[PDB]
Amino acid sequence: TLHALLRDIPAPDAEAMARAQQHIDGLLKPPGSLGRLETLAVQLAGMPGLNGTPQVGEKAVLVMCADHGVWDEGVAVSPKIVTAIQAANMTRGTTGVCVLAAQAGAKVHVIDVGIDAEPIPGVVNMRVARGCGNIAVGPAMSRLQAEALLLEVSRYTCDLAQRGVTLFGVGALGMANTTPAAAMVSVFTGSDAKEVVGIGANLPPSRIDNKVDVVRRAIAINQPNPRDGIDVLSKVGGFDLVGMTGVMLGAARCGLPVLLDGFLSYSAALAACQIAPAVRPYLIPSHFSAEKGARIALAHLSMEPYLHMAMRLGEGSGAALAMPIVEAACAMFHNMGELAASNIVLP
């Protein structure tokens, strides 16, 4: 049950983190000198699914795919069918996340949570409906639907630990999805839509006003409660966004790290941390998205991404891009020598 899942997310292990800090300070470098590589290694050490040390085994990027009724409001220049086309391209390894996941030695799990097309053979089927409701006139979905999807994706996510996965990445694929993401960021952070509505996939500068109006209208009509993240997801989110929140809840329940991607994923992370604050210590940023609302979302998560790539793709490519940085933190921790063994004494 969702209540059980939320209640049983483990706290980070303070003892393992103290041991980790002490080992890091003792390595062959001035104390502190590897900066956020050091803080990352300690954060990893505290995640109970890593068994008391920073480590990476198998890596999985979960790509959540769905279509959105709000496409019909003129907020996206990408033809709606691109969601289905690109989801099928993920089976052939030709997409950005597939290619970057391969470079990083990660496997990609393509999960259809509500594409508006026939099912795609070889893609995991968790379809809620053929596209979610148009958030401009009503909700994306029912609360029951959002809850059922969270549970099922979090179970699928934590089940991957049984096949050796220790490091997740999350992403979303769905034309128009930077619209519900902007709506969710506005509701959770209390910023007006104008501060957090971006160009998504090359929206002409001249259609931004419309997209701002659409977000406002979505929040006005749905009245999502900012203190109930499942409410917000079901009313002004989408199936893909709910799907990414689900991955975060599952990694967290599993005591394992999850790398965010960009703006889409920040919205799902905001919902996830609202639903269960205990999720936060498991989240690791990758890059600082080009989308207008990225700063605000990241500030509300007190998060500072490692990578500044002006990226705005999603699908998980940014998460995959940051996997080698997590592995570098573990290599630092395990493979460096020690000051004492070289007889180096520093003040």
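Each residue number is its position in the shown sequence, starting from 1.
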Once average C-alpha B-factors are taken from the entry for 152-160 and 109-117, the winner is 152-160
Avg C-alpha B-factor, entry values, 270-278 vs 185-193, higher side is 185-193
From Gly169, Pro79, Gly250, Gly133, the top C-alpha temperature factor is at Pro79
When the entry's CA B-factors for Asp72, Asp231, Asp261, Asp240 are compared, the highest one belongs to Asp72
Tertile call for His300 (CA temperature factor, within chain, third-based) is the highest
By the entry's values, the third containing the CA B factor of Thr53 is the highest
Temperature factor at the Cα of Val165, chain-ranked in thirds, falls in the highest
Sorting the chain's modelled residues by C-alpha B-factor and splitting them into thirds places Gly246 in the lowest
Of the three thirds of the chain ranked by Cα temperature factor, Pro180 occupies the lowest
